[PDB]
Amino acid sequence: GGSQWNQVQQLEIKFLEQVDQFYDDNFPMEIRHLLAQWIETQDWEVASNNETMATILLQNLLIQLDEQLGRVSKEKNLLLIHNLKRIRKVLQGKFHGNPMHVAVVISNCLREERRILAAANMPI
């Protein structure tokens, strides 16, 4: 009973090179990983053509990001606290700029994983 991210984690590490360009300022892997289940729950595809929806999703992403920051702070995970706060600043800027584009990037990233998962060689 795993997420799409959990399925990606079971693939041979060589696939990872194919997804590099699907992550940029609009969507970093820290978010993909720490919030995998939340990310996989939203309809990014519909939000990518709807201003109001995209804004709501980004607002909620920011709220989840803060919860993550509280958790890694309690865990004293220095690297993640440091990286997450820088990500938060970038995402705040996306909120004031173009939330729909963030939805586009996440939507592409998730579909790319579906493509890769289907392509992966697996024995019957």
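Don't overthink the numbering: it's just position in the shown sequence, from 1.
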Assert higher mean C-alpha B factor (42-50 or 67-75, deposited values) equals 42-50
The stretch whose C-alpha atoms carry the larger average B-factor in the entry, 11-19 or 108-116, is 11-19
Chain-relative C-alpha B factor for residue 89 (record values, thirds): the lowest
Chain-relative C-alpha B factor for residue 59 (record values, thirds): the middle
